[PDB]
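As written, the chain order gives the labels A, B, C, D, E, F, G, H, I and J, with residue 1 at the start of each chain.
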Amino acid sequence: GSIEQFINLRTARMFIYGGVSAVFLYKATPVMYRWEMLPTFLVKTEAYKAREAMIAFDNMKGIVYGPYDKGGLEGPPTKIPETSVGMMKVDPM
Amino acid sequence: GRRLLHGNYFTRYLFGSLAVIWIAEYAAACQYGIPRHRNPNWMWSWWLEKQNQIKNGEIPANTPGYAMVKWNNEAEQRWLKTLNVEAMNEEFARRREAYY
Amino acid sequence: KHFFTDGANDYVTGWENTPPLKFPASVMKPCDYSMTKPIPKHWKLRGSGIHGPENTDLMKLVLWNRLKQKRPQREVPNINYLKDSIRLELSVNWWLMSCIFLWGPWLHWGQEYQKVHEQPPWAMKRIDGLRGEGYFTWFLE
Amino acid sequence: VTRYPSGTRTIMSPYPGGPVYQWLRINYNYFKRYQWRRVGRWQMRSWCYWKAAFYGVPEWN
Amino acid sequence: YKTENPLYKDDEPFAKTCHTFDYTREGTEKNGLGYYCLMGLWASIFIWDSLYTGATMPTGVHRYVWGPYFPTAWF
Amino acid sequence: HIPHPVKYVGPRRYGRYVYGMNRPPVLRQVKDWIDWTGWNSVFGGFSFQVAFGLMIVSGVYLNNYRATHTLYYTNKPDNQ
Amino acid sequence: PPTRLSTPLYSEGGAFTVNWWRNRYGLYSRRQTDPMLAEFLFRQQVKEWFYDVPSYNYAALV
Amino acid sequence: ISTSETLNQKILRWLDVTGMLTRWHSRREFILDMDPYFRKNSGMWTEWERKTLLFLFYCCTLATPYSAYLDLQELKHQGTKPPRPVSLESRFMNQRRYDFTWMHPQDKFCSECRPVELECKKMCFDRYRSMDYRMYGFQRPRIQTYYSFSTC
Amino acid sequence: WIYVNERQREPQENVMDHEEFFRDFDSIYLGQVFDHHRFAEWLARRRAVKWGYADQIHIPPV
Amino acid sequence: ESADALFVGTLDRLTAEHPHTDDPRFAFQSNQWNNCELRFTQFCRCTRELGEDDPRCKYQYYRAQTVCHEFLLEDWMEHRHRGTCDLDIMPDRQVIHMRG
């Protein structure tokens, strides 16, 4: 009593539909976050941060000059061939 | 306008054949009692035990498998001379601090 | 239809075994004299009797199959025929739409998930300690 | 009813469009019909693989 | 006068002659319910084989009210 | 084949385009278009991708989630 | 096997019958140019191949 | 901003900048965009056939940009493809009965290198250059050339 | 033209040491997807080290 | 002791007690190549766990010889010593799940 003034078709259609949505997002958003469905720019998951924290761009090791590692103790060649030194046509700095 | 094949021949014989293949395979598995549970892992028991020790913290992280065997080949002896797990862990720790 | 068939999809010459249904039987009818009544004995064979243009229906079929090649307007076929004419074209176009708006989105999601969790979202996480993405079609494992 | 040159006036809106819009519409119409299609007409007529098979064959009397 | 749009007219019938084409009794015009039952079973087997991975390895222990020779003891 | 009637029951003409006035809603127009051009091509074209996608993505629950709680010899923790 | 085109041929319903075979036999045929001739050639083939008793032995073997 | 049109009309006008929508909603405009030789056969087309053709054509041309985007990403991926571990030479790996010469039966360039083994050929070309024999390729840094798809 | 334009460029580093790769698997194997511009710059510097032109080129900052 | 003890424990035991008989996993086929490769892999895994000197691993080599011709074993045993045998790479340095 005294709420009937509010109760109305438009006030009801936006109350059932809108409320149904309020629960659809409140219950689905955590699942999307867990399954990496949310956009990365909007938010990064903890799993995303854990993997990204392991990435760096300063490793300059492991350069080899052969297609195969044929075992042994010597390993693949690691020294640039003499005939290849100074064979690059690099534009002047 | 006269038809030679089934009106929906392409979908019929494509999806239909796939269905018969799948159903026949299930029947074959039942008759031979084949285990149907998919395992994506290797079954080397000693190895899986070493992996649990790493997950439990008994073996330090990023320790190579050749650092744990009782026989090493020549190439793994070469690697052991340059292996420093402690340094590797410190480097990873530094990266995490920088990221956060 | 794409493939040419002499009997049904004869577009090279446009030959049709029977006349149009629009024509009255008194004007033109399919060449079928299988129901001809027995010939009286006092009748005498004048023509060859050989199946050919001496028969009125066959003659009219040949004549029409040549004079039908010029017409004032198009004989609009119904929508059922038009759909069948380009059935493959339309189906391939819808296949392209499916590949862009159905296959595309979930394939992208799988790769992004793989980036973080090492394996696709539809695979069993391994514990063997091997590294890499692994299989993609899980039902063929 | 006023008839405009083909491809020059839109039927989607009562407003013909602004200067930039009109320039784009008019000039694309010109480019397609009198510049781009020069290549297609040249390939279709001057370099027909089927016309070349009948080159040097007498006329059909 | 009255006319019919040709695009919505019905397909013309085959001519009735000594050589008449008839597809009515073939039942090959479209996929039937049986085909869709095959698709449903395929989906079912696919889901079942994955959901219940111990079905192919059943238990030999059986009680069976009314013994083994009663009809409900075979399914 | 078997001669059959045209199954399109929608509106045969919207009238002359006059700046997009007196025309159906967009979704109604999309539905009428597919009715006019045939749903068989839509179902046929999308069927292959729908099947492949449903099977692959179904593994998210059938192969991954379920499996996490499938191994009967995993729930048991050691030293407990 | 009837010898008069007026006498119809019995056909079962299904995907391999006399009616099913008639619909497809002349699809690629340049010789079946009218109903009378088409039916004559159709019955000629049916008489020769399907009313031949020994032919059924090979059907079993295949 | 023009207020002489509705918002929907404005959007459709701009999508009609090339006249695509106008040709769809006007048969006369579509036939008068055909070159005269082919316009001769236009009167026979049904409206079903015309709009279906435009639909197939429009769907194709509107997906070409998407394929172009997918192809550019592919080129960038290949342009910066991550290094992979050097293959250990297993029991049945790198078996050779004779040198690789099927590409150059008489010249026999890079007999030891495989047909598309770019790093082996580069070092082999360097030997030939050091021997006063010119060979083409493998000299410009990737980031200093156009169309490399390896620039930051 | 595709072939010629590619042949001029130095070869990309297809392979690295087997051991060093697995000691930094995550960075190398996944670096591209997480940040492609920095991964591209890192690759360029490695090419400059593998072919001995590092002191002759200035690699643009990312 | 039990009559079915051989089948119990492993399928491997059957040929371990009867070295010159068919292995249950390969008796259906005359070609025994796959049998040789399994036996060699088992010798490789034994040494990693127990060492070369262990009598068990020495017998796992005798079992491998029973089905593997000498020319194959010598080649595969050299690859193993170098560290290039694909049947002996430690599991954490395998590439089978990478790039696909």
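Convention: contacts are C-beta pairs under 8 Å (C-beta built on N, C-alpha and C of every residue); 3 or more make two chains touch, one makes a residue touch a chain.
*Asks:* Would you kindly count the fewest steps from subunit B to subunit E, each step being a jump to a chain that touches the current one?
*Replies:* Each step joins two touching chains, and the minimum needed here is 1.
*Asks:* Where the contacts of subunit F and subunit G overlap, which chains show up?
*Replies:* Output, common partners of subunit F and subunit G: B, C, E.
*Asks:* Can you tell me which chain lies farthest from subunit G, using the average of the Cα atoms as each chain's centre?
*Replies:* With centres defined by C-alpha atoms, farthest from subunit G sits I.
*Asks:* Can you work out the whole-Å distance between the CA centroids of subunit A and subunit I?
*Replies:* Centre separation, subunit A to subunit I: 21 Å.
*Asks:* Measuring centre to centre with CA averages, how many angstrom lie between subunit E and subunit J?
*Replies:* 50
*Asks:* Go ahead and note the Å separation of the Cα centroids belonging to subunit D and subunit J.
*Replies:* Chain centres of subunit D and subunit J, defined by C-alpha means, are spaced 75 Å apart.
*Asks:* Could you check subunit C for residues that touch two or more other chains and list them?
*Replies:* Within subunit C, residues 5, 7-8, 17-18, 30, 32, 34, 76, 78-82, 90, 93, 97, 115, 121, 123-126, 128-132, 134, 136, 138-139 contact more than one other chain.
*Asks:* Give me the residue numbers in subunit G that touch at least two other chains, ranges are fine.
*Replies:* 5-6, 23, 27, 32, 35-36, 38-39
*Asks:* Scan subunit A for residues touching two or more other chains and write them down.
*Replies:* Those would be 35, 51-52, 54-56, 62, 64-65, 67, 69-72, 75-76, 84, 87-88, 90-91.
*Asks:* If you look only at subunit A, which of its residues touch subunit C in the complex?
*Replies:* By the definition above, subunit A touches subunit C via 35-37, 40, 45, 47-48, 51.
*Asks:* Quick check on the complex: what are the subunit G residues that touch subunit E?
*Replies:* Interface residues on subunit G, with respect to subunit E: 5-6, 11, 13-15, 17, 19-20, 22-23, 32, 35-36, 38-39, 42.
*Asks:* In the complex, go through subunit F and note every residue touching subunit B.
*Replies:* 1, 44, 47, 51, 63, 67, 70-71
*Asks:* Help me check something: in the complex, which residues belonging to subunit B touch subunit G?
*Replies:* 2-4
*Asks:* For the complex, give me every residue of subunit B touching subunit A.
*Replies:* Within the complex, subunit B contacts subunit A at residues 73-75, 77-78, 92, 95-96, 99-100.
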